[PDB]
Amino acid sequence: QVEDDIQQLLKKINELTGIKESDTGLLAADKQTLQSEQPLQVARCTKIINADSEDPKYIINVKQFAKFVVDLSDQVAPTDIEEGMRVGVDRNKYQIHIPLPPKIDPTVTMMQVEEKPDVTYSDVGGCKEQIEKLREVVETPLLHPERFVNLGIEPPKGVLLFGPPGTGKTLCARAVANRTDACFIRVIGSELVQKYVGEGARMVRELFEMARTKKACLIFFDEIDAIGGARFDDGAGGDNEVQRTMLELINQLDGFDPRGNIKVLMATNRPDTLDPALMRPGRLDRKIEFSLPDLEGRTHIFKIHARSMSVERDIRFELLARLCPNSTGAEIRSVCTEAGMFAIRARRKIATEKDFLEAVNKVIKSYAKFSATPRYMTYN
Amino acid sequence: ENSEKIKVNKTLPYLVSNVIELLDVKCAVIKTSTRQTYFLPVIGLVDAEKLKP
Amino acid sequence: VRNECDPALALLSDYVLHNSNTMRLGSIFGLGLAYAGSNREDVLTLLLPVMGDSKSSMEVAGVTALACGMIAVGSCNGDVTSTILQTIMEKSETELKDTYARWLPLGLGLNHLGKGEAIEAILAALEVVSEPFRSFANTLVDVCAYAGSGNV
Ligand SMILES: Nc1ncnc2c1ncn2[C@@H]1O[C@H](COP(=O)(O)OP(=O)(O)O)[C@@H](O)[C@H]1O
């Protein structure tokens with residue numbers, strides 16, 4: 001309390017203090033700039049139909065109003081004003097005041113990641129081969145962009161990840177967007193199909209629109225199965241809307257007019273329901289699989305997972321890994337944390353072999369009926 | 001000629017209007033880019049031929 | 001540090017000696033950082049009259065006060081308490097500039113920290129001259145030690 005006593009009074013000093021000069025000094029950062037830019041201006045945005053020559057007079061449709069063929073700002077050349085360019089229009093005077101850039105809607109920007117998911121290549125044990133190629137599709141071309149010219153070639157401009165549910169594909173997205181640097185666009189096909197007809201087409205564009213103005217960006221599509229994979233067809237025209245959306249993605253994803261530095265990452269569990277047009281190379285080159293860890297792998301998965309907790313140092317995860325034939329690296333995680341309960345269920349700090357053994361037999365086995373890793377292996 | 005024409009024409013504000021009926025009883029109605037129909041009895045600067053819906 | 005084995009820091013005090021521009025300058029630098037923990041009245045008694053001499057482009061004593069601020073840090077030096085009270089108040093030699101105002105002001109601000117009733121004359125060179133460095137620091141002599149609070 002004496003220290004605590006000193007704490008209170010000390011704080012009260014400033015409290016007492018702050019009030020003092022407060023009385024003394026009794027807007028301009030802005031009220032200037034506000035009033036400064038109050039004599040400034042507004043300008044209704046405009047959509048240019050097109051300009052004309054032997055003189056200028058640019059021709060334009062604003063928006064809620066209509067078309068006005070109108071003069072342009074003196075401060076903008078007759079070039080830096082290409083068609084299809086949302087420009088700003090002296091409101092009253094109705095004359096090009098200044099130019100601008102393009103729309104992208106509030107659905108494409110809402111998915112530009114901003115932050116970054118902490119998932120370094122340390123958590124990605126048991127994939128010395130998976131990440132190995134991935135780094136080629138995404139890492140190396142985006143960073144060291146010399147070699148591929150020193151020898152002149154091109155990298156798997158897009159790459160496919162598949163495997164049952166629980167191999168670590170979303171970590172590789174998270175892994176990449178972590179130690180990547182480029183622009184990682186997280187777009188889920190769940191996002192792609194909406195309500196009104198021909199709406200997804202706008203998304204891919206925006207996607208490819210926004211992918212473009214920003215050289216070297218990773219578009220990633222997890223659950224592409226949602227967007228569109230098969231091209232049925234019959235007397236119902238069901239999965240039609242989505243199909244086009246795929247064709248849209250297809251078209252813009254590698255068909256006439258290059259794409260650019262838009263690298264591509266697709267994540268699926270069923271890499272079997274996917275249109276040849278996606279799969280083909282150009283569009284989707286490097287095809288990478290995510291095995292269900294064997295022996296040495298799981299040991300890395302166990303060691304990685306348990307490496308971050310108070311475990312018994314005698315017990316060797318190798319034994320446990322042995323009792324784990326074909327369980328994804330996710331389940332192996334329910335064990336490592338599973339013991340947590342057991343270890344906590346008594347009152348103990350450190351877990352024992354059996355604690356894991358039970359967990360192994362408690363998770364794996366018990367939660368076997370579910371698993372779904374054997375039904376999703378054949379991609380059903 | 002040049003004088004007033006520049007004042008009236010010089011007005012770079014231009015509200016494009018899709019012609020509709022070209023009544024020759026030299027009359028002709030038009031609907032504005034503001035979606036407004038105004039029967040102009042003086043097609044003004046613009047030959048008939050130039051005229052059509 | 002202090003010197004452990006080879007006392008390169010202390011011998012430096014020999015090389016400091018000169019009331020000239022760059023010599024004093026980095027020696028002031030050297031001896032400021034020399035005499036943090038090696039603190040000595042000499043460098044003062046060297047720089048104090050150089051401070052009384054008050055020439056930044058030659059005597060270099062301007063920044064010296066700051067190096068002097070780097071000498072007895074966190075201690076009550078009644079001398080520097082008085083010494084800059086004897087210089088700054090006196091406005092020794094060239095001072096018109098807010099320079100010899102502030103070189104001496106913050107000179108006191110560093111040395112005193114944590115002496116209680118003994119730190120009162122630090123403001124005398126600091127919050128004396130009205131700047132944004134002035135009416136505030138009036139109570140900053142209070143928080144002359146904490147390292148874990150200030151957001152207020
Ligand atoms: N080899 C591995 N190394 C580290 N973590 C793994 C590994 N395999 C699976 N996991 C874990 O299991 C989860 C599986 O995620 P993911 O495979 O993306 O799910 P889905 O199959 O639904 O896309 C991940 O969160 C990851 O933490």
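Tabulated data for the structure shown
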| read-out | value |
| --- | --- |
| Odd one out for C:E41 among (1) surrounded by 24 or more Cβ atoms within 10 Å (Cβ to Cβ); (2) under 18 Å from C:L12 (Cβ atoms) | (1) |
| Condition check for A:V176: within 16 Å of the ligand (Cβ to nearest atom) and touching a strand residue (DSSP E or B) at 6+ places or on another chain (Cβ under 6 Å) | no |
| Residue in region A:216-228 that is outside any strand (DSSP E or B), of a type in the set (D, E), within 16 Å of the ligand (Cβ to nearest atom) and within 16 Å of the chain's Cα centre (by Cα) present | yes |
| Enumeration of residues in region A:179-202 that are away from the ligand (no atom under 16 Å from the Cβ), touching a strand residue (DSSP E or B) at 6+ places or on another chain (Cβ under 7 Å) and assigned to a loop (DSSP other than H, G, I, E, B) | A:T180, A:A182 |
| Pairs, first over 30 Å from A:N61 (Cα atoms) in region A:33-45, second assigned to a strand (DSSP E or B), C-beta under 9 Å, six or more apart | none |
| Residues that are assigned to a strand (DSSP E or B), more than 16 Å from the ligand (Cβ to nearest atom) and not hydrophobic (A, V, I, L, M, F, W, C), drawn from region A:261-292 | A:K263, A:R286, A:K287 |
| Within region B:1-13, tally of residues that are within 14 Å of another protein chain (Cβ to nearest Cβ) and among the polar types (S, T, N, Q) | 2 |
| Counted residues, region A:93-119 - those being at negative phi and either within 14 Å of chain B (Cβ to nearest Cβ) or among the acidic types (D, E) (or both) | 6 |
| Residue ID - nearest to the chain's Cα centre (by Cα), chosen from residues in region C:1-51 that are charged (D, E, K, R) and over 20 Å from C:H112 (Cβ atoms) | C:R24 |
| Residues (over 20 Å from A:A211 (Cβ atoms) and within 16 Å of the ligand (Cβ to nearest atom)) located in region A:84-125 | A:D118, A:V119, A:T120, A:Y121, A:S122, A:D123, A:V124, A:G125 |
| C:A101 vs. criteria more than 12 Å from every other protein chain (Cβ to nearest Cβ) and either small (G, A, S) or under 27 Å from A:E15 (Cβ atoms) (or both) | yes |
| Residues within region B:14-36 that are more than 13 Å from chain A (Cβ to nearest Cβ), surrounded by fewer than 15 Cβ atoms within 10 Å (Cβ to Cβ) and touching a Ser or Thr at 6+ places or on another chain (Cβ under 9 Å), tallied | 1 |
| Set C:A145, C:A101, C:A67, C:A124: member being part of a loop (DSSP other than H, G, I, E, B) and of a type in the set (A, V, I, L, M, F, W, C) | C:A145 |
| A:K133 surrounded by 22 or more Cβ atoms within 10 Å (Cβ to Cβ) and either under 20 Å from A:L292 (Cα atoms) or within 13 Å of the ligand (Cβ to nearest atom) (or both) | no |
| Any hit, region A:365-372, residues being within 12 Å of the ligand (Cβ to nearest atom), more than 14 Å from chain C (Cβ to nearest Cβ) and either over 28 Å from the mean Cα position of the chain (by Cα) or part of a strand (DSSP E or B) (or both) | no |
| Members of region C:83-100 found to be farther than 15 Å from C:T64 by Cβ and either crowded, with 17+ Cβ neighbours inside 10 Å or touching a helix residue (DSSP H, G or I) at 6+ places or on another chain (Cβ under 6 Å) (or both), listed by number | C:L85 |
| Among (1) under 23 Å from A:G166 (Cβ atoms); (2) surrounded by 21 or more Cβ atoms within 10 Å (Cβ to Cβ); (3) away from the ligand (no atom under 15 Å from the Cβ) - the single one A:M341 does not satisfy | (2) |
| Count of region A:44-92 residues which are among the basic types (K, R) and away from chain B (no Cβ under 12 Å) | 3 |
| From the options A:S22, A:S53, residue that is out of contact with any strand residue (DSSP E or B) (no Cβ under 8 Å at 6 or more places or on another chain) and in a helix (DSSP H, G or I) | A:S22 |
| Total residues in region A:71-98, condition assigned to a loop (DSSP other than H, G, I, E, B), of a type outside the set (D, E) and over 21 Å from A:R205 (Cβ atoms) | 13 |
| Cross-chain or 6+ apart pairs with Cβ under 9 Å, region C:141-152 first and within 8 Å of another protein chain (Cβ to nearest Cβ), then hydroxyl-bearing (S, T, Y) | C:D142/A:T17; C:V152/A:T17 |
| Verdict on A:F68 being more than 16 Å from the ligand (Cβ to nearest atom) and assigned to a strand (DSSP E or B) | yes |
| Qualifying residue in region A:329-336 (condition: within 13 Å of the ligand (Cβ to nearest atom), loosely packed, with under 15 Cβ neighbours inside 10 Å and not small (G, A, S)) | no |
| Residues being part of a helix (DSSP H, G or I) and either in contact with a strand residue (DSSP E or B) (Cβ under 7 Å, 6 or more places away or on another chain) or farther than 19 Å from C:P105 by Cα (or both) - total across region C:36-53 | 1 |
| Candidate set from region A:293-310 (those that are outside any helix (DSSP H, G or I) and in contact with a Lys or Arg (Cβ under 9 Å, 6 or more places away or on another chain)); member that is farthest from the ligand (Cβ to nearest atom) | A:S310 |
| Output for region A:267-324, where each listed residue is over 26 Å from A:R186 (Cα atoms), buried (at least 20 other Cβ atoms within 10 Å of the Cβ) and small (G, A, S) | A:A306, A:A321 |
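We did not get these values from a lab; they are worked out from the coordinates using the rules stated. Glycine also receives a Cβ, built like all others from the backbone with ideal geometry; neighbour counts cover every protein chain displayed.
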